[PDB]
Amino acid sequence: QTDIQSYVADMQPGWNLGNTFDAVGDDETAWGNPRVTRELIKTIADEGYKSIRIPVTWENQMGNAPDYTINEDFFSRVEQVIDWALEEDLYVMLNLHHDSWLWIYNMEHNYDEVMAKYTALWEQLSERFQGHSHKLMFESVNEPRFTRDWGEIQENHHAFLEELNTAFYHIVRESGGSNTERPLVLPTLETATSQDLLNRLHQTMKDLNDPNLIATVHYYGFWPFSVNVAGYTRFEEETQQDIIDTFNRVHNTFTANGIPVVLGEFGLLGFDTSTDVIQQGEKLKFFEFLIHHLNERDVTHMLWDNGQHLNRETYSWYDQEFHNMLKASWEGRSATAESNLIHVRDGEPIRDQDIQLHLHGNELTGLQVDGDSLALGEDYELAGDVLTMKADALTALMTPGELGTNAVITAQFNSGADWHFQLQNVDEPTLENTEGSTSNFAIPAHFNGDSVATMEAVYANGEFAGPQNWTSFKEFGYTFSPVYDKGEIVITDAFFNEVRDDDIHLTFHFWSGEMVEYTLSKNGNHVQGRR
């Protein structure tokens, strides 16, 4: 195992300081995150992360031609954060970030200026960190993209990216000092993973002929699942296969040939809307699967955290279950199940309930409720990987008339994270009539312990309605939003801007399996909603 491979392996796992110095505005606070504190960095290290990516967008901090001197305050701040991370014995990746689509993008029609700014930036960055530890690495440009004439992608784009990567390389290596053997991180185009893009990065790396180079790509999951559209509400076969195919290509092209790979960003795309867009159990299963398959292929990964995962005020995870799954996944596989929900109908006699586990090579060792072990035989049974909750235990754990999460059943295994079943007392969910403007439309709802998975919209003649009309299943959040603490389902302006004046049947799909029909009549800016 070469030095550069040990280096990148020693990075595992990494964390992104998202929507911070990379924010497009007057400074790093411009997108809602606070200024970086020492404790933030310390916490990231304390949570077990061994590397940090510090994306920076520089355009709003640059002076004019020909120097383009970087605002000294901003610069000393990013440097201070880097120094903090190095003191924590972290690896640090520093880049140019949203500069990519802000101006680097327009290289075909503004070549000399783009090259001049790019050059001035990497000169200044090289010079500033010339004496810094090798555990700091440089990444040429984030997710590089260029003006489409006909498509992304086009032949000259590749040449532009190669020119940028090569100019970057020579600037840094020419700086000498610690910059001489400083590891350099180079992206595919758009940091994507199609074979041709992989191959072209490979070629660039061969050309550069340097032992200290790292390939980088990004991954936000199989698109329809990642944003909850077209009916991809569950972590199913296609999403899994997409992970396997993708990182097989990545492994065969780089890792197998001694070029280490950093997955510089991962997450799910819908997180840009909200982490609520992906059902909790399916989200957990996604990340467990992903990290397992990255481990099997020696891919060092770095979580994208724009502020939505670690609470930067409290220095604790918003979603402790999620982070526990990631944490467990760094070491090995965790058992999962078909669902993280157990549904019991409130009106019905309580009976034994089966649940399909996914042991993933592990073994069930116990169940607990509120830190107390449940009774073998009396409360639960296991046959192979099928778990059965006994009727009397469910009766004990539940309250008649109380809809929603009645208890949490914690499944414990010989290895990996605990799996948590939310015990849902549900009733059939109901909707109400309403009427209003396309800019303010909400269906009053009685969720009755249930939760909306997705929503279909078709015209009265069976024609798909709304955005992405190639499917009846509308994108979660963007077109509709369940609001549980307001007891309603919003239908958005964006949805209505792309429907004709007509009757529109909505079909709401719930995770209980319940489906509820609803009808809209849209005329101009008014909409009527009927049960």
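Each residue number is its position in the shown sequence, starting from 1.
The PDB entry records a higher mean C-alpha B factor for 108 to 116 than for its counterpart among 108 to 116 and 342 to 350. When the C-alpha B-factors of 432 to 440 and 90 to 98 are averaged, 432 to 440 comes out higher.
Across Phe146, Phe247, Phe266, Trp330, the entry's maximum B-factor at the CA atom is seen for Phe146. Across the options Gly466, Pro55, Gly477, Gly48, the residue with the most elevated CA B-factor in the record is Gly466. Ranked by C-alpha B-factor against the other modelled residues of its chain, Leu17 falls in the lowest third. In the PDB entry, a CA B factor belonging to the lowest third of its chain's modelled residues is recorded for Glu139. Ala453: CA B factor lies in the lowest third for its chain, per the PDB record. Annotation for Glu162: C-alpha temperature factor in the middle third relative to the rest of the modelled chain, per the entry. When the modelled residues of the chain are ordered by C-alpha B-factor, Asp305 sits in the lowest third.
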